[PDB]
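The structure appears right after this line, and notes come after that.
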Amino acid sequence: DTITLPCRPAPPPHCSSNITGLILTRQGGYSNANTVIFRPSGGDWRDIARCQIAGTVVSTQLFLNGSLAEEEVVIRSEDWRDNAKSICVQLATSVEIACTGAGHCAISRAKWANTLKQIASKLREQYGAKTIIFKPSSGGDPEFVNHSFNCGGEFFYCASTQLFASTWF
Amino acid sequence: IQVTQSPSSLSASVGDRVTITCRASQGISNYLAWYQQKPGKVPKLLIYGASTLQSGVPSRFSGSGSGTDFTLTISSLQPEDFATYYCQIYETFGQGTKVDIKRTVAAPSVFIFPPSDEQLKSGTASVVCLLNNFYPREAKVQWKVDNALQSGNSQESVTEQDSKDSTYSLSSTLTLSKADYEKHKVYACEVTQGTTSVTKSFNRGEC
Amino acid sequence: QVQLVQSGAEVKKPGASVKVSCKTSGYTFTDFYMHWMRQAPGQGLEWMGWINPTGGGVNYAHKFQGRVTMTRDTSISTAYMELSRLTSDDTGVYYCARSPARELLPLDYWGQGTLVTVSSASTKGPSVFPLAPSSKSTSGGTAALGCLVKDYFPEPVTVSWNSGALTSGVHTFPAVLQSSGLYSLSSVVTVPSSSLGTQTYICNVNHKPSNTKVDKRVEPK
Ligand SMILES: *[C@@H]1O[C@H](CO)[C@@H](O)[C@H](O)[C@H]1NC(C)=O
Ligand SMILES: *[C@@H]1O[C@H](CO)[C@@H](O)[C@H](O)[C@H]1NC(C)=O
């Protein structure tokens, strides 16, 4: 069973990729009921570059075809307490994102769920929380509110709401 | 991150040394700034990184502390320094500290003003009580009509400390319908300040 | 030099929305983050969120998440904050301020502030009544007199005396908010009691929100 993302223009199947990391922003000003909220990064290309886990492909919110960590998910930040610094998540096992050529790119739901579960586990240990909530982008240009990527010289845009709306106890 | 700023207010004299503290609910390195704000003016950055003066801020200001406890120190207050101060720790602002000027007790000059005729024609009566140039800020203003306490139909406001003599002034307005204003005779505001009560009054029929 | 200039005061009914602009210059707009703060009258500062000017991504304070929208137009180096579903709790002064990119601490330059008033009341010019000097406002060589600036909306009003030639001994008090939703303010001045029959005293009340200016001559009783 898949998480089937709508994308525009339709990416061709040759633009399918491996998801190797992602980049997050922690919601600011939260009273925190033992709860921490994260969204795809509200930062720009510089936030992405500073993670230093990208490969050749230029992409937002998700790193495509980048470097993997060796044994476990690794989360990094230049200052965990600063909500204006993004959080760099590097996967240890990639998540395939397969594009149909007809306007969607699909991800295995069970694999994505298990990846988030691992990311939540590392965040929880960083922030000493219990409940980790992923929520969608709170706004931005099309490149940053969507999962965006340059494939073959053309820019494609996938709504990522389905990837960041879940709770993890 | 939670922040407790202390004290909420203090009073001091020109030239003496004041200390304002900001406590964080967890270690923050030196990720803190202090700002100054005067009434009706824009907040102004004084210190950041907990201890770095902003350029051109006078030397009497310094900040220190690390971990969870931080201090803004004004080594010798100038008159321009009486103002409100806020710490900022990441996105959390402190509650604010207002620095007031210390001076000797001063009794108020008390005046009263009956409603104007032009207001009365429009069906409302406002009586105004004025407490002029007193100290400290705390004074008890009560309205009494035909010697009965009113408590519910009046409002007051107080100026900021006077730039010249550091006193306060207070205006209180009693507002009644014209019909109720003409049901009564004696209108009075009673000002109580520390072993003195002053009561200014008038009779409606002569004012 | 570095300059953040905000749009003018706003008056809104509850449930409406407001959009305030912050036009900048003197620096590279995309090199710094922009934050928004507000301050309810007489209250402290609180952070509303930041915006990344290069890409437009944002991080809103959880308290405002879902009804604030921050945007920018890099071509004119201007930031915008829109707050929706307004209630009287949103009355206050709103500030834009610049920080270093990817930082929340050093807010070194601020906008001048934008007053936003949220009320079911509507714009109303003041009724200005004299506080006439009398034997109930006289103390030997000094006498008190003033103007009562009643039932106006919204804030602010300014008061001068004798077109600003009278400044010694003037006290203009903070307005109070009546249960009508209208404001009332008093301005007083103490003058020589011997001047009362001879010197003209006029208070000049300016209420820019309603484009009303009232001059009131205060004559002795
Ligand atoms: C992802 O990586 C696997 C090996 O880990 C490879 O077989 C597969 O073709 C890759 N998929 C894409 C879409 O690049
Ligand atoms: C990622 O790698 C796969 C396999 O090599 C390739 O076909 C695909 O085009 C790459 N993705 C992008 C967006 O270029």
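Each chain of the structure tokens is named A, B, ... in the order shown, its residues numbered from 1; ligands are numbered from 1 in display order.
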Ligand 2: which residues are within 9 Å, counting only C-alpha atoms and all ligand atoms? Reply as a ChimeraX atom specification.
/A:11,13-19,56-59,64-66,149-153,156
How would the residues just chosen look if you wrote them out with N, CA and C atoms as a PDB file, in the first residue's frame?
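Resulting contents of out.pdb:
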```
ATOM      1  N   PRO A  11       6.039  14.102 -13.232  1.00  0.00           N
ATOM      2  CA  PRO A  11       7.397  13.583 -13.415  1.00  0.00           C
ATOM      3  C   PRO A  11       7.366  12.255 -14.148  1.00  0.00           C
ATOM      4  N   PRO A  13       8.818   8.411 -15.222  1.00  0.00           N
ATOM      5  CA  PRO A  13       9.322   7.364 -14.324  1.00  0.00           C
ATOM      6  C   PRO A  13      10.818   7.434 -14.109  1.00  0.00           C
ATOM      7  N   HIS A  14      11.566   7.947 -15.093  1.00  0.00           N
ATOM      8  CA  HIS A  14      13.014   8.104 -14.955  1.00  0.00           C
ATOM      9  C   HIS A  14      13.400   9.114 -13.884  1.00  0.00           C
ATOM     10  N   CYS A  15      12.462   9.948 -13.420  1.00  0.00           N
ATOM     11  CA  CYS A  15      12.726  10.884 -12.329  1.00  0.00           C
ATOM     12  C   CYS A  15      12.422  10.305 -10.955  1.00  0.00           C
ATOM     13  N   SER A  16      12.080   9.022 -10.874  1.00  0.00           N
ATOM     14  CA  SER A  16      11.968   8.335  -9.592  1.00  0.00           C
ATOM     15  C   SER A  16      13.306   8.381  -8.870  1.00  0.00           C
ATOM     16  N   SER A  17      13.264   8.392  -7.541  1.00  0.00           N
ATOM     17  CA  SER A  17      14.468   8.654  -6.764  1.00  0.00           C
ATOM     18  C   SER A  17      14.461   7.820  -5.503  1.00  0.00           C
ATOM     19  N   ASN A  18      15.563   7.898  -4.777  1.00  0.00           N
ATOM     20  CA  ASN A  18      15.638   7.363  -3.435  1.00  0.00           C
ATOM     21  C   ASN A  18      15.661   8.536  -2.474  1.00  0.00           C
ATOM     22  N   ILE A  19      14.775   8.500  -1.482  1.00  0.00           N
ATOM     23  CA  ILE A  19      14.781   9.495  -0.417  1.00  0.00           C
ATOM     24  C   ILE A  19      15.822   9.078   0.602  1.00  0.00           C
ATOM     25  N   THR A  56      23.789  15.166  -6.240  1.00  0.00           N
ATOM     26  CA  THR A  56      23.694  16.050  -7.393  1.00  0.00           C
ATOM     27  C   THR A  56      22.320  16.714  -7.496  1.00  0.00           C
ATOM     28  N   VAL A  57      21.243  15.963  -7.195  1.00  0.00           N
ATOM     29  CA  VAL A  57      19.872  16.418  -7.435  1.00  0.00           C
ATOM     30  C   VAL A  57      19.546  17.562  -6.475  1.00  0.00           C
ATOM     31  N   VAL A  58      18.923  18.616  -6.987  1.00  0.00           N
ATOM     32  CA  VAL A  58      18.457  19.729  -6.162  1.00  0.00           C
ATOM     33  C   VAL A  58      17.015  19.412  -5.758  1.00  0.00           C
ATOM     34  N   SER A  59      16.744  19.358  -4.459  1.00  0.00           N
ATOM     35  CA  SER A  59      15.388  19.052  -4.028  1.00  0.00           C
ATOM     36  C   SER A  59      15.117  19.750  -2.704  1.00  0.00           C
ATOM     37  N   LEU A  64      16.862  13.883  -2.180  1.00  0.00           N
ATOM     38  CA  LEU A  64      16.766  12.802  -3.145  1.00  0.00           C
ATOM     39  C   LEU A  64      18.161  12.453  -3.646  1.00  0.00           C
ATOM     40  N   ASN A  65      18.490  11.159  -3.626  1.00  0.00           N
ATOM     41  CA  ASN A  65      19.743  10.660  -4.199  1.00  0.00           C
ATOM     42  C   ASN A  65      20.948  11.296  -3.491  1.00  0.00           C
ATOM     43  N   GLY A  66      20.870  11.432  -2.166  1.00  0.00           N
ATOM     44  CA  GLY A  66      21.943  11.983  -1.355  1.00  0.00           C
ATOM     45  C   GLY A  66      22.688  10.910  -0.590  1.00  0.00           C
ATOM     46  N   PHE A 149      11.790  19.360  -6.828  1.00  0.00           N
ATOM     47  CA  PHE A 149      13.079  18.817  -7.227  1.00  0.00           C
ATOM     48  C   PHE A 149      13.330  19.127  -8.692  1.00  0.00           C
ATOM     49  N   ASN A 150      14.609  19.244  -9.046  1.00  0.00           N
ATOM     50  CA  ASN A 150      15.005  19.441 -10.437  1.00  0.00           C
ATOM     51  C   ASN A 150      15.420  18.077 -10.974  1.00  0.00           C
ATOM     52  N   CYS A 151      14.640  17.538 -11.911  1.00  0.00           N
ATOM     53  CA  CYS A 151      15.007  16.310 -12.604  1.00  0.00           C
ATOM     54  C   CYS A 151      15.269  16.613 -14.071  1.00  0.00           C
ATOM     55  N   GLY A 152      16.469  16.278 -14.540  1.00  0.00           N
ATOM     56  CA  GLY A 152      16.746  16.400 -15.958  1.00  0.00           C
ATOM     57  C   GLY A 152      16.737  17.804 -16.499  1.00  0.00           C
ATOM     58  N   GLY A 153      16.834  18.804 -15.634  1.00  0.00           N
ATOM     59  CA  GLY A 153      16.721  20.187 -16.040  1.00  0.00           C
ATOM     60  C   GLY A 153      15.337  20.784 -15.907  1.00  0.00           C
ATOM     61  N   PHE A 156       9.894  20.011 -10.801  1.00  0.00           N
ATOM     62  CA  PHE A 156       8.638  19.337 -10.491  1.00  0.00           C
ATOM     63  C   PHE A 156       8.245  19.600  -9.045  1.00  0.00           C
TER      64      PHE A 156
END
```
I'd like the neighbourhood of residue 154 (chain C) as number ranges by chain, where a residue qualifies if any of its atoms comes within 7 Å (using only C-alpha atoms), though same-chain residues fewer than 4 positions away should be ignored.
C: 117, 123, 209
Please dump the current selection as a tab-separated table (two decimals), in the first residue's frame; keep N, CA, C and O atoms.
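Result file is part_24.tsv:
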```tsv
chain	number	residue	atom	x	y	z
C	117	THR	N	-6.68	48.26	16.27
C	117	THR	CA	-7.76	48.30	17.26
C	117	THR	C	-8.89	47.42	16.75
C	117	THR	O	-9.40	47.65	15.65
C	123	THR	N	-15.64	54.37	14.14
C	123	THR	CA	-14.93	55.65	14.21
C	123	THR	C	-15.82	56.79	14.71
C	123	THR	O	-16.92	57.01	14.18
C	209	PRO	N	-7.51	59.69	13.72
C	209	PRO	CA	-8.35	58.57	13.23
C	209	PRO	C	-9.68	58.99	12.63
C	209	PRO	O	-10.16	58.29	11.72
```
Report as CSV: every residue of chain A with an atom at most 9 Å from chain B, its closest pair of atoms, and their distance in Å to one decimal, counting only C-alpha atoms, with rows sorted by chain and ascending residue number.
```
residue,atom,partner,partner_atom,distance
A:28,CA,B:91,CA,7.5
A:29,CA,B:91,CA,6.6
A:30,CA,B:1,CA,8.8
A:31,CA,B:1,CA,8.5
A:81,CA,B:90,CA,7.6
A:82,CA,B:90,CA,6.4
A:83,CA,B:90,CA,8.0
```
Write a file of the selected residues as a compact mmCIF listing (two decimals), in the first residue's frame, keeping N, CA, C and O atoms.
```txt
# COMPACT_ATOMS: atom_id res chain seq x y z
N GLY A 28 7.68 26.97 16.45
CA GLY A 28 8.11 27.86 17.50
C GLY A 28 7.02 28.17 18.51
O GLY A 28 5.82 28.00 18.25
N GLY A 29 7.46 28.62 19.69
CA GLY A 29 6.57 29.19 20.69
C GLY A 29 5.55 28.23 21.26
O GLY A 29 4.41 28.63 21.55
N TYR A 30 5.91 26.95 21.33
CA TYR A 30 4.91 25.94 21.76
C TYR A 30 4.94 25.80 23.28
O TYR A 30 6.04 25.70 23.86
N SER A 31 3.76 25.82 23.91
CA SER A 31 3.70 25.57 25.38
C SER A 31 4.29 24.18 25.64
O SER A 31 4.84 23.99 26.74
N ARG A 81 17.86 24.34 20.26
CA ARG A 81 16.94 25.24 20.93
C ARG A 81 16.45 26.37 20.02
O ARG A 81 15.50 27.06 20.39
N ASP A 82 17.06 26.57 18.86
CA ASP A 82 16.77 27.72 18.00
C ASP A 82 15.80 27.31 16.90
O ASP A 82 16.19 26.63 15.95
N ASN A 83 14.55 27.76 16.99
CA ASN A 83 13.57 27.32 16.01
C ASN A 83 13.80 27.93 14.63
O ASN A 83 13.13 27.53 13.68
```
If we count only C-alpha atoms and set the cut-off at 7 Å, which residues sit around residue 17 (chain B), ignoring sequence neighbours fewer than 4 positions away in its own chain? Please answer as a short mmCIF file (atom, residue, chain, number, x, y, z; two decimals) with N, CA and C atoms, in the first residue's frame.
```
data_model
loop_
_atom_site.label_atom_id
_atom_site.label_comp_id
_atom_site.auth_asym_id
_atom_site.auth_seq_id
_atom_site.Cartn_x
_atom_site.Cartn_y
_atom_site.Cartn_z
N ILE B 74 22.90 48.17 35.36
CA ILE B 74 23.13 49.58 35.07
C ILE B 74 23.91 50.14 36.25
N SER B 75 25.17 50.48 36.01
CA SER B 75 26.08 50.74 37.12
C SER B 75 25.75 52.07 37.80
N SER B 76 25.33 53.08 37.03
CA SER B 76 24.93 54.35 37.63
C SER B 76 23.81 54.97 36.80
N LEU B 77 22.59 54.92 37.32
CA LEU B 77 21.43 55.35 36.55
C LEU B 77 21.53 56.82 36.16
#
```
Excluding region 148-150 of chain B and its own-chain neighbours fewer than 6 positions away, which residues fall within 12 Å of it when counting only C-alpha atoms? Please give them as a PyMOL selection string.
chain B and resi 141-142+173-176+184-190
Could the residues in this selection be written to a file with N, CA and C atoms, as an mmCIF file, in the first residue's frame?
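Generated file (out19.cif):
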```cif
data_model
loop_
_atom_site.group_PDB
_atom_site.id
_atom_site.type_symbol
_atom_site.label_atom_id
_atom_site.label_comp_id
_atom_site.auth_asym_id
_atom_site.auth_seq_id
_atom_site.Cartn_x
_atom_site.Cartn_y
_atom_site.Cartn_z
ATOM 1 N N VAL B 141 -8.502 56.810 45.596
ATOM 2 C CA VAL B 141 -9.438 57.824 45.135
ATOM 3 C C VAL B 141 -10.818 57.211 45.251
ATOM 4 N N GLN B 142 -11.709 57.864 45.991
ATOM 5 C CA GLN B 142 -13.082 57.397 46.075
ATOM 6 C C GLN B 142 -14.027 58.525 45.707
ATOM 7 N N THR B 173 -12.738 60.224 36.575
ATOM 8 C CA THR B 173 -13.985 60.752 36.031
ATOM 9 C C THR B 173 -15.169 59.953 36.564
ATOM 10 N N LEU B 174 -16.093 60.639 37.222
ATOM 11 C CA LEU B 174 -17.371 60.066 37.601
ATOM 12 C C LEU B 174 -18.366 60.407 36.505
ATOM 13 N N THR B 175 -19.055 59.400 35.986
ATOM 14 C CA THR B 175 -20.002 59.629 34.905
ATOM 15 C C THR B 175 -21.379 59.124 35.304
ATOM 16 N N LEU B 176 -22.370 60.008 35.236
ATOM 17 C CA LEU B 176 -23.754 59.669 35.546
ATOM 18 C C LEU B 176 -24.674 60.170 34.445
ATOM 19 N N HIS B 184 -29.175 64.199 43.048
ATOM 20 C CA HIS B 184 -28.267 64.339 44.178
ATOM 21 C C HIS B 184 -27.693 65.747 44.235
ATOM 22 N N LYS B 185 -27.132 66.072 45.400
ATOM 23 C CA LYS B 185 -26.679 67.424 45.704
ATOM 24 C C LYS B 185 -25.167 67.518 45.812
ATOM 25 N N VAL B 186 -24.539 66.723 46.686
ATOM 26 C CA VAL B 186 -23.128 66.881 47.025
ATOM 27 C C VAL B 186 -22.306 65.846 46.273
ATOM 28 N N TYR B 187 -21.306 66.324 45.541
ATOM 29 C CA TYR B 187 -20.388 65.501 44.767
ATOM 30 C C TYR B 187 -18.980 65.716 45.299
ATOM 31 N N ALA B 188 -18.278 64.619 45.600
ATOM 32 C CA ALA B 188 -16.994 64.688 46.282
ATOM 33 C C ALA B 188 -16.076 63.568 45.810
ATOM 34 N N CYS B 189 -14.791 63.880 45.619
ATOM 35 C CA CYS B 189 -13.765 62.849 45.568
ATOM 36 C C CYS B 189 -12.876 62.953 46.796
ATOM 37 N N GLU B 190 -12.628 61.805 47.404
ATOM 38 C CA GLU B 190 -11.822 61.693 48.604
ATOM 39 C C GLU B 190 -10.549 60.950 48.249
#
```
Please report as number ranges by chain which residues of chain C come no farther than 8 Å from chain A, using only C-alpha atoms.
C: 47, 49-52, 54-63, 71, 102-104
Let's have the selection written as a tab-separated table (two decimals), in the first residue's frame, with C-alpha atoms.
```tsv
chain	number	residue	atom	x	y	z
C	47	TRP	CA	6.86	36.99	19.25
C	49	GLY	CA	6.81	34.29	13.99
C	50	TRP	CA	9.55	34.69	11.42
C	51	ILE	CA	9.72	34.61	7.64
C	52	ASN	CA	12.60	33.55	5.40
C	54	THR	CA	14.54	34.25	0.06
C	55	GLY	CA	12.04	31.41	-0.12
C	56	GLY	CA	9.06	32.66	1.90
C	57	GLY	CA	9.02	29.77	4.35
C	58	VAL	CA	7.75	30.69	7.81
C	59	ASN	CA	7.68	29.57	11.43
C	60	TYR	CA	4.66	30.90	13.34
C	61	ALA	CA	4.30	30.94	17.11
C	62	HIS	CA	1.98	28.05	17.97
C	63	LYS	CA	-0.47	30.55	19.50
C	71	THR	CA	4.50	36.92	3.21
C	102	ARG	CA	18.40	31.64	10.80
C	103	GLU	CA	18.49	33.42	14.18
C	104	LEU	CA	15.79	34.57	16.62
```
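Surrounding region 91-103 of chain A within 8 Å are residues 6, 7, 8, 9, 10, 11, 12, 13, 14, 15, 16, 17, 18, 19, 20, 21, 68, 69, 70, 71, 72, 73, 74, 107, 108, 111, 112 and 115 of chain A, with only C-alpha atoms counted and residues fewer than 4 positions along the same chain left out.
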Leaving out residue 137 (chain B) and any residue of its chain fewer than 4 positions from it, which residues lie within 10 Å of it when counting only C-alpha atoms, given as a short mmCIF file (atom, residue, chain, number, x, y, z; two decimals) with C-alpha atoms, in the first residue's frame?
```
data_model
loop_
_atom_site.label_atom_id
_atom_site.label_comp_id
_atom_site.auth_asym_id
_atom_site.auth_seq_id
_atom_site.Cartn_x
_atom_site.Cartn_y
_atom_site.Cartn_z
CA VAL B 105 6.64 61.72 49.49
CA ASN B 133 1.88 66.19 41.48
CA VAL B 158 -2.25 58.28 35.96
CA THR B 159 0.50 60.04 34.07
CA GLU B 160 4.06 58.75 33.86
CA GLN B 161 6.57 60.23 36.30
CA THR B 167 5.74 63.14 40.56
CA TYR B 168 2.57 61.51 39.30
CA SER B 169 -0.77 63.07 38.46
CA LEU B 170 -4.13 61.32 38.46
CA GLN B 193 -2.58 58.95 51.10
#
```
Do me a favour and pick out the residues of chain C within 8 Å of chain B, using only C-alpha atoms, as a PDB file with N, CA and C atoms, in the first residue's frame.
```pdb
ATOM      1  N   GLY C  44       3.351  43.302  27.779  1.00  0.00           N
ATOM      2  CA  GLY C  44       4.687  42.976  27.330  1.00  0.00           C
ATOM      3  C   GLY C  44       4.762  42.616  25.848  1.00  0.00           C
ATOM      4  N   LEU C  45       5.961  42.249  25.427  1.00  0.00           N
ATOM      5  CA  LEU C  45       6.201  41.899  24.034  1.00  0.00           C
ATOM      6  C   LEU C  45       5.959  40.410  23.840  1.00  0.00           C
ATOM      7  N   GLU C  46       5.397  40.038  22.693  1.00  0.00           N
ATOM      8  CA  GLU C  46       5.387  38.620  22.353  1.00  0.00           C
ATOM      9  C   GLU C  46       5.692  38.423  20.877  1.00  0.00           C
ATOM     10  N   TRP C  47       6.458  37.363  20.603  1.00  0.00           N
ATOM     11  CA  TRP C  47       6.860  36.986  19.253  1.00  0.00           C
ATOM     12  C   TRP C  47       5.732  36.245  18.531  1.00  0.00           C
ATOM     13  N   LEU C 104      17.007  33.989  15.992  1.00  0.00           N
ATOM     14  CA  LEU C 104      15.789  34.572  16.619  1.00  0.00           C
ATOM     15  C   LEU C 104      16.180  35.623  17.657  1.00  0.00           C
ATOM     16  N   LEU C 105      17.459  35.696  18.038  1.00  0.00           N
ATOM     17  CA  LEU C 105      17.853  36.572  19.180  1.00  0.00           C
ATOM     18  C   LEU C 105      18.071  38.045  18.814  1.00  0.00           C
ATOM     19  N   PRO C 106      19.124  38.450  18.066  1.00  0.00           N
ATOM     20  CA  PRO C 106      19.433  39.877  17.877  1.00  0.00           C
ATOM     21  C   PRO C 106      18.456  40.649  16.984  1.00  0.00           C
ATOM     22  N   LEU C 107      17.385  41.220  17.571  1.00  0.00           N
ATOM     23  CA  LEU C 107      16.485  42.074  16.790  1.00  0.00           C
ATOM     24  C   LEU C 107      17.044  43.502  16.832  1.00  0.00           C
ATOM     25  N   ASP C 108      17.917  43.830  15.878  1.00  0.00           N
ATOM     26  CA  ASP C 108      18.672  45.069  16.022  1.00  0.00           C
ATOM     27  C   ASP C 108      17.930  46.290  15.489  1.00  0.00           C
ATOM     28  N   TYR C 109      17.120  46.154  14.443  1.00  0.00           N
ATOM     29  CA  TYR C 109      16.332  47.253  13.895  1.00  0.00           C
ATOM     30  C   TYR C 109      14.854  46.887  13.860  1.00  0.00           C
ATOM     31  N   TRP C 110      14.014  47.807  14.321  1.00  0.00           N
ATOM     32  CA  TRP C 110      12.587  47.583  14.433  1.00  0.00           C
ATOM     33  C   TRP C 110      11.814  48.569  13.570  1.00  0.00           C
ATOM     34  N   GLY C 111      10.622  48.147  13.130  1.00  0.00           N
ATOM     35  CA  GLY C 111       9.670  49.068  12.541  1.00  0.00           C
ATOM     36  C   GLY C 111       9.103  49.996  13.603  1.00  0.00           C
ATOM     37  N   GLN C 112       8.421  51.055  13.168  1.00  0.00           N
ATOM     38  CA  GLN C 112       7.950  52.021  14.161  1.00  0.00           C
ATOM     39  C   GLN C 112       6.690  51.561  14.882  1.00  0.00           C
ATOM     40  N   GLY C 113       6.095  50.455  14.465  1.00  0.00           N
ATOM     41  CA  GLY C 113       4.891  49.971  15.103  1.00  0.00           C
ATOM     42  C   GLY C 113       3.651  50.361  14.326  1.00  0.00           C
ATOM     43  N   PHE C 129     -15.308  68.969  26.132  1.00  0.00           N
ATOM     44  CA  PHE C 129     -15.953  69.795  27.122  1.00  0.00           C
ATOM     45  C   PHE C 129     -14.923  70.532  27.981  1.00  0.00           C
ATOM     46  N   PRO C 130     -15.198  71.774  28.388  1.00  0.00           N
ATOM     47  CA  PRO C 130     -14.246  72.487  29.259  1.00  0.00           C
ATOM     48  C   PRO C 130     -14.295  71.957  30.687  1.00  0.00           C
ATOM     49  N   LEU C 131     -13.129  71.931  31.336  1.00  0.00           N
ATOM     50  CA  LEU C 131     -13.020  71.843  32.795  1.00  0.00           C
ATOM     51  C   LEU C 131     -12.707  73.264  33.250  1.00  0.00           C
ATOM     52  N   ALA C 132     -13.768  74.015  33.553  1.00  0.00           N
ATOM     53  CA  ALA C 132     -13.651  75.457  33.775  1.00  0.00           C
ATOM     54  C   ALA C 132     -12.984  75.734  35.120  1.00  0.00           C
ATOM     55  N   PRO C 133     -12.018  76.651  35.182  1.00  0.00           N
ATOM     56  CA  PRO C 133     -11.471  77.042  36.492  1.00  0.00           C
ATOM     57  C   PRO C 133     -12.537  77.713  37.358  1.00  0.00           C
ATOM     58  N   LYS C 136     -13.146  75.951  43.181  1.00  0.00           N
ATOM     59  CA  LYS C 136     -12.901  74.539  43.452  1.00  0.00           C
ATOM     60  C   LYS C 136     -11.695  74.020  42.698  1.00  0.00           C
ATOM     61  N   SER C 137     -11.087  74.854  41.867  1.00  0.00           N
ATOM     62  CA  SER C 137      -9.884  74.454  41.156  1.00  0.00           C
ATOM     63  C   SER C 137      -8.764  75.472  41.353  1.00  0.00           C
ATOM     64  N   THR C 138      -8.879  76.348  42.365  1.00  0.00           N
ATOM     65  CA  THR C 138      -7.895  77.392  42.648  1.00  0.00           C
ATOM     66  C   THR C 138      -7.150  77.114  43.949  1.00  0.00           C
ATOM     67  N   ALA C 144      -6.292  75.548  38.360  1.00  0.00           N
ATOM     68  CA  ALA C 144      -6.274  74.455  37.393  1.00  0.00           C
ATOM     69  C   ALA C 144      -7.449  74.563  36.418  1.00  0.00           C
ATOM     70  N   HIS C 171      -0.708  68.547  32.056  1.00  0.00           N
ATOM     71  CA  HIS C 171      -0.747  67.098  32.220  1.00  0.00           C
ATOM     72  C   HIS C 171      -1.836  66.540  31.313  1.00  0.00           C
ATOM     73  N   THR C 172      -1.453  65.715  30.343  1.00  0.00           N
ATOM     74  CA  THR C 172      -2.417  65.025  29.496  1.00  0.00           C
ATOM     75  C   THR C 172      -2.424  63.552  29.889  1.00  0.00           C
ATOM     76  N   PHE C 173      -3.538  63.077  30.317  1.00  0.00           N
ATOM     77  CA  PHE C 173      -3.644  61.756  30.919  1.00  0.00           C
ATOM     78  C   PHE C 173      -3.941  60.666  29.896  1.00  0.00           C
ATOM     79  N   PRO C 174      -3.485  59.446  30.176  1.00  0.00           N
ATOM     80  CA  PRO C 174      -3.877  58.305  29.346  1.00  0.00           C
ATOM     81  C   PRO C 174      -5.395  58.172  29.269  1.00  0.00           C
ATOM     82  N   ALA C 175      -5.882  57.839  28.073  1.00  0.00           N
ATOM     83  CA  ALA C 175      -7.307  57.596  27.917  1.00  0.00           C
ATOM     84  C   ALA C 175      -7.724  56.388  28.729  1.00  0.00           C
ATOM     85  N   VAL C 176      -8.996  56.368  29.112  1.00  0.00           N
ATOM     86  CA  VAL C 176      -9.621  55.165  29.641  1.00  0.00           C
ATOM     87  C   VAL C 176     -10.643  54.669  28.621  1.00  0.00           C
ATOM     88  N   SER C 186      -8.475  63.228  29.569  1.00  0.00           N
ATOM     89  CA  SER C 186      -8.508  64.596  30.123  1.00  0.00           C
ATOM     90  C   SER C 186      -7.135  65.238  29.961  1.00  0.00           C
TER      91      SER C 186
END
```
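Residue nearest residue 36 (chain A) within the list A:80, A:134, A:164, A:63: A:134 [criterion: smallest interatomic distance, only C-alpha atoms].
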Selection near residue 201 (chain C), 12 Å with only C-alpha atoms, sequence-local residues under 5 positions removed, as a PyMOL selection string:
chain C and resi 130-133+144-147+160-167+170+188-192+195-196+215-220
Run DSSP on the backbone and tell me which residues of region 20-117 of chain B come out as strand (DSSP E); list them as a ChimeraX atom specification.
/B:20-24,32-37,44-48,52-53,61-64,69-74,84-89,92-93,97-101,109-113
Dump C-alpha atoms for the selected residues as a tab-separated table (two decimals), in the first residue's frame?
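Once everything was written out, this is again_35.tsv:
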```tsv
chain	number	residue	atom	x	y	z
B	20	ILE	CA	17.68	43.08	36.58
B	21	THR	CA	17.66	39.33	36.22
B	22	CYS	CA	16.25	36.82	33.77
B	23	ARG	CA	16.05	33.09	34.54
B	24	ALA	CA	15.57	30.42	31.86
B	32	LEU	CA	19.90	36.20	25.17
B	33	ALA	CA	19.34	39.89	24.42
B	34	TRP	CA	18.24	42.88	26.50
B	35	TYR	CA	16.03	45.64	25.11
B	36	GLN	CA	14.94	49.03	26.46
B	37	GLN	CA	11.49	50.50	25.86
B	44	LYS	CA	15.72	49.36	21.41
B	45	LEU	CA	18.44	46.71	21.46
B	46	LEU	CA	21.06	47.19	24.20
B	47	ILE	CA	22.87	43.85	24.62
B	48	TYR	CA	22.97	40.51	22.80
B	52	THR	CA	27.97	42.12	24.15
B	53	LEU	CA	27.00	45.79	24.16
B	61	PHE	CA	25.21	48.97	30.82
B	62	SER	CA	26.59	45.47	31.08
B	63	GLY	CA	25.20	41.97	30.93
B	64	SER	CA	26.51	38.71	32.31
B	69	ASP	CA	20.76	32.98	35.11
B	70	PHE	CA	21.43	36.32	33.43
B	71	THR	CA	21.80	39.86	34.70
B	72	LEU	CA	21.48	43.29	33.15
B	73	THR	CA	23.36	45.80	35.29
B	74	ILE	CA	23.13	49.58	35.07
B	84	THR	CA	11.16	49.26	30.85
B	85	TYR	CA	13.64	46.47	30.14
B	86	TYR	CA	12.94	43.09	28.55
B	87	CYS	CA	15.15	40.09	28.19
B	88	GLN	CA	14.73	37.85	25.16
B	89	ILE	CA	15.78	34.20	25.21
B	92	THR	CA	10.51	34.10	24.63
B	93	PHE	CA	10.38	37.67	26.02
B	97	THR	CA	11.11	45.38	34.48
B	98	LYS	CA	10.09	49.04	34.87
B	99	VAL	CA	12.70	51.29	36.50
B	100	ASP	CA	11.04	54.19	38.39
B	101	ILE	CA	12.68	57.26	40.02
B	109	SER	CA	-3.11	69.05	45.06
B	110	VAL	CA	-6.77	68.05	44.72
B	111	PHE	CA	-9.20	69.80	42.40
B	112	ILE	CA	-12.71	69.02	41.22
B	113	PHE	CA	-14.63	70.07	38.11
```
